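For reference, the structure is listed below as structure tokens.
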Amino acid sequence: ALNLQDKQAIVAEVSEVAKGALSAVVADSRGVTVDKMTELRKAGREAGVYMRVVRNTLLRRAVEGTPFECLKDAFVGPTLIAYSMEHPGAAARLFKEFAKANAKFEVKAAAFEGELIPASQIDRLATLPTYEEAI
Amino acid sequence: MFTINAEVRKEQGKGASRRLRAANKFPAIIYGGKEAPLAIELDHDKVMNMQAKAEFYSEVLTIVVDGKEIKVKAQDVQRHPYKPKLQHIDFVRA
Amino acid sequence: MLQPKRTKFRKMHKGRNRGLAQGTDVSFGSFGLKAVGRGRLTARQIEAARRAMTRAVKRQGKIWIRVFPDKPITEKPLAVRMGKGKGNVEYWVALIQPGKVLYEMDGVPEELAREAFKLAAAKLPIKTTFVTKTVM
Amino acid sequence: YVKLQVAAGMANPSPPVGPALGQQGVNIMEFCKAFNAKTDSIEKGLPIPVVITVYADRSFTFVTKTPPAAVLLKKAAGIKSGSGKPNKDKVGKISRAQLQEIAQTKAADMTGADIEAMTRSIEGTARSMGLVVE
Amino acid sequence: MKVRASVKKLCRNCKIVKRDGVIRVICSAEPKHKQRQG
RNA sequence: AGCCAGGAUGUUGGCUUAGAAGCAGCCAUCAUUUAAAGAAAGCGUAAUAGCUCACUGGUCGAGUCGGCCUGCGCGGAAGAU
Ligand SMILES: [Mg+2]
Ligand SMILES: [Mg+2]
Ligand SMILES: [Mg+2]
Ligand SMILES: [Zn+2]
């Protein structure tokens with residue numbers, strides 16, 4: 001078993017996380033100090049966004065059982081992906097602000113409505129309001 | 001669980017045993033029960049590996065000779081005085 | 001050092017050292033220093049190896065000495081001609097045959113036992129090996 | 001940028017620091033008094049983790065933290081040592097309410113923690129130090 | 001350097017090298033660790 | 001294996017000391033955030049800044065580690081016409 005068991009498990013955790021995940025916004029994660037990500041990670045905690053990085057191969061095995069065949073093209077090199085498990089949306093805006101104001105990666109891709117969102121069309125999810133608007 | 005392939009020895013004695021051990025084999029004896037003891041030969045390295053696991057000396061072992069299988073237990077072992085090698089093994093029929 | 005408290009006879013024939021050893025298994029401890037070569041083990045060498053092991057483990061665990069020097073070795077005084085009787089006992093040795101377990105250890109990790117036995121083996125005139133207790 | 005000048009309640013900390021800050025052309029006396037005026041409300045025996053920032057413009061930029069948790073012994077435990085040999089002795093016990101009070105006190109510094117996880121975190125320090133709860 | 005019958009690594013930075021049919025120990029850290037079999 | 005990035009919070013753990021901040025010494029060695037990160041493996045320092053290791057992700061793309069038995073070799077190996 002050992003670490004192969006652990007990696008079999010690692011896929012398992014991201015698998016059922018993707019079951020409850022609603023909208024996914026994938027970005028990169030290189031060249032930035034770890035302490036700087038404390039702001040985004042704390043934001044994800046409080047805004048109900050779960051972030052995790054598995055290998056291109058573990059990312060390959062871990063999305064076939066979930067409705068996430070749309071974002072299969074953008075899996076090249078390092079793949080940071082965060083998942084909004086509650087209050088769907090409001091994740092592209094959370095990453096746009098940190099991307100354009102820090103001179104680094106803009107965006108990789110996204111995932112919503114069972115279709116892939118290109119890099120230049122993430123503004124719809126960035127401008128998408130909260131779920132509580134019918135009142 | 002531990003199955004050992006064996007062949008019936010055709011020649012016995014001091015000289016034959018040394019020739020066997022030079023050929024990377026070693027003799028063993030199967031006795032017990034109402035039938036006559038059977039002298040067989042084992043290939044050294046495979047048995048040397050199985051005997052490293054302690055369960056070998058506790059579980060019922062299976063020895064296959066001429067297709068026929070006999071359930072035995074390791075009754076006694078003769079090791080080389082200073083080399084990590086086996087010289088002889090006693091098997092009692094289970 | 002080790003030597004018999006008393007003996008039936010003061011002096012002993014030279015004899016020979018043929019054959020393999022008796023006591024080839026680890027009987028008391030869990031690790032043992034088995035002798036591969038053949039020769040004599042003097043009381044001084046046995047004590048020298050014992051100290052090296054004992055300090056290596058810092059007197060933790062238990063140590064068994066499976067050999068005892070019981071054969072007296074005589075030497076004539078310096079610059080003395082042949083004959084005029086057998087020489088005087090000078091020291092005691094233990095005859096060692098291949099396969100003899102010389103030292104045993106318990107209560108220490110295996111790796112610590114290996115270095116402890118390695119340090120003692122450098123004090124002995126006979127090639128040795130490290131052996132472990134075997135079930136049956 | 002090195003943590004120094006703690007125990008702001010005591011002015012001119014030259015004897016503890018001395019030639020350590022002599023590399024930087026910082027007025028030891030002048031800046032110590034100024035920091036005292038800003039933060040004289042705290043207890044005299046309370047360290048404040050501050051840095052000494054140097055850049056091209058020589059513009060000081062400092063932000064204030066909370067006193068270290070260990071000097072936080074006379075508040076409820078009423079001890080000054082804890083244990084010469086920690087976990088081998090017992091000098092006092094901390095109430096559940098006390099560490100929670102420190103928990104929201106230090107919530108502005110924990111880089112990553114939740115209110116509950118911070119409370120469980122600071123109780124680990126107390127156990128390893130020698131204090132107990134419940 | 002140390003010329004002795006038994007040459008061996010004395011630290012993690014020592015390296016066993018055979019240069020002219022002789023065994024040598026070269027150390028990037030401790031020049032005291034330089035040995036040669038002889 | 002090499003190369004890139006990170007190696008964090010409590011926290012300068014407690015005691016000691018003029019100071020002892022992972023790194024003189026003694027005791028403890030937990031807890032969080034973590035992808036990882038020791039109350040620190042070595043250098044550092046008056047005490048700390050500072051370097052680097054464990055540890056973790058990335059790149060690379062197929063083998064790679066350390067024992068066991070054994071054949072032949074190597075060093076150990078300096079004398080006098
Ligand atoms: Mg013959
Ligand atoms: Mg040359
Ligand atoms: Mg030779
Ligand atoms: Zn070296």
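Below, chains carry the letters A, B, ... as their sequence lines are ordered, and counting in each starts from 1.
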Query raised in the report: Do the six-membered rings of F:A35 and F:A36 pass both checks: centres under 5.5 Å apart and planes under 30 degrees?
Result: yes
Query raised in the report: Is it true that D:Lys75 and D:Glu101 make a salt bridge, defined as a side-chain N closer than 4.0 Å to a carboxylate O?
Result: no
Report task. Please measure how far the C1' atom in F:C51 lies from the corresponding atom in F:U9, and state the result in whole Å. Result -> 23 Å
**Report entry** Nearest listed nucleotide, side chain of D:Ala113, among F:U32, F:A28, F:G7
**Finding:** F:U32
Query raised in the report: So, do F:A21 and F:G22 stack if we ask for centres under 5.5 Å and planes under 30°?
Result: no
Requested in this report: Could you check if the base of F:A54 is syn or anti? Syn means the glycosidic torsion is within 90 degrees of 0.
Outcome: anti
Report task. For F:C23 versus F:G38, give the span between their P atoms, rounded off to a whole number of Å. Result -> 15 Å
Requested in this report: Using distance alone, with no hydrogens and no angle criterion, decide if A:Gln5 and A:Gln8 have a side-chain donor and acceptor under 3.5 Å apart.
Outcome: no
Query raised in the report: Hey, does A:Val32 reach any base, or is it just sugar-phosphate, or nothing, if we go heavy atoms under 4.0 Å?
Result: nothing
Requested in this report: With P as the reference atom in both, quote the distance from F:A54 to F:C4 in angstrom, rounded to an integer.
Outcome: 14 Å
Query raised in the report: Any side-chain N or O of D:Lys106 under 4.0 Å from OP1/OP2 of F:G10?
Result: no
Query raised in the report: What does A:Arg52 touch in the nucleic acid at a heavy-atom separation under 4.0 angstrom: a base, only the sugar-phosphate, or nothing?
Result: nothing
Requested in this report: For the side chain of E:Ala5, starting at C-beta, report the closest nucleotide among F:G75, F:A49, F:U12.
Outcome: F:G75
Query raised in the report: Among F:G75, F:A47, F:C15, which nucleotide sits nearest the side chain of D:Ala20?
Result: F:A47
Query raised in the report: Does F:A41 stack on F:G42, meaning their six-ring centres are under 5.5 Å apart and the planes differ by under 30°?
Result: yes
Requested in this report: Indicate, with a heavy-atom threshold strictly under 4.0 Å, whether A:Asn56 touches base, sugar-phosphate, or nothing.
Outcome: sugar-phosphate
**Report entry** D:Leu73 backbone acceptor or donor facing D:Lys80 side chain under 3.5 Å
**Finding:** no
**Report entry** Distance flag, aromatic centroids of D:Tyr1 and D:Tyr55, threshold under 6.0 Å
**Finding:** yes
Query raised in the report: According to the definition of ring centres under 5.5 angstrom and planes under 30 degrees, are F:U45 and F:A46 stacked?
Result: no
**Report entry** Donor-acceptor contact below 3.5 Å, side chain B:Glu55 vs main chain B:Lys53
**Finding:** no
Query - Passing candidate, side-chain contact (heavy atoms from CB on, under 4.5 Å) with B:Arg79, options B:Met48, B:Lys85, B:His88, B:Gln51 - result: B:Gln51
Query raised in the report: Taking the side chain of A:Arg55 as its heavy atoms from C-beta onward, which of F:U34, F:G58, F:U32 lies nearest to it?
Result: F:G58
**Report entry** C1' spacing across the pair F:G57 / F:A37, given as an integer number of angstrom
**Finding:** 13 Å
Query raised in the report: Base, sugar-phosphate, or nothing: which does D:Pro47 touch, judged by heavy atoms less than 4.0 Å apart?
Result: nothing
Query raised in the report: Rounding to the closest angstrom, what is the interatomic distance between F:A35 and F:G61 at atom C1'?
Result: 23 Å
Query raised in the report: Under 4.0 angstrom, heavy atoms only, what part of the nucleic acid is B:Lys85 near: base, sugar-phosphate, or nothing?
Result: nothing
**Report entry** Test item: E:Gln37 side-chain N/O and E:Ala5 main-chain N/O as donor-acceptor pair under 3.5 Å
**Finding:** yes
Query raised in the report: With under 30° as parallel and over 60° as perpendicular, where do the rings of B:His80 and B:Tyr82 fit, or are they tilted in between?
Result: perpendicular
Could you pull out the protein-nucleic contacts involving nucleotides 36-44 of chain F (nitrogen or oxygen on both sides, under 3.5 Å)?
unit_1, atom_1, unit_2, atom_2, d
F:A39, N6, D:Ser128, OG, 3.3

Query raised in the report: In which ranges does RNA chain F form stems of 3 or more consecutive Watson-Crick or G-U pairs, distances under 3.5 Å?
Result: F:8-10 with F:30-32, F:13-15 with F:25-27
**Report entry** Nucleotide of F:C27, F:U33, F:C15 approaching A:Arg41 most closely (side-chain heavy atoms)
**Finding:** F:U33
Query raised in the report: How would you label the contact of A:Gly77 with the nucleic acid (heavy atoms, under 4.0 Å): base, sugar-phosphate, or nothing?
Result: sugar-phosphate
**Report entry** D:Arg127 side-chain proximity, nearest of F:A31, F:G58, F:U33
**Finding:** F:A31
Query raised in the report: Do A:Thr38 and D:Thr111 have side-chain atoms, one donor and one acceptor, less than 3.5 Å apart?
Result: no
Query raised in the report: Do A:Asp35 and A:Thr33 have side-chain atoms, one donor and one acceptor, less than 3.5 Å apart?
Result: no
Requested in this report: With heavy atoms under 4.0 Å as the rule, sort D:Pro16 into base, sugar-phosphate or nothing.
Outcome: nothing
Query raised in the report: So what does A:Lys36 hit on the nucleic acid, given a heavy-atom distance under 4.0 Å: a base, only sugar-phosphate, or nothing?
Result: nothing
Query raised in the report: Got a salt bridge between C:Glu110 and C:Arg114, using NZ or NE/NH1/NH2 to carboxylate O under 4.0 Å?
Result: yes
Report task. Look at all strands and tell whether E:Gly38 reaches a base, only sugar-phosphate, or nothing, counting heavy atoms closer than 4.0 Å. Result -> sugar-phosphate
Query raised in the report: D:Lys88 near the nucleic acid: base, sugar-phosphate alone, or nothing, with a heavy-atom cut-off under 4.0 Å?
Result: nothing
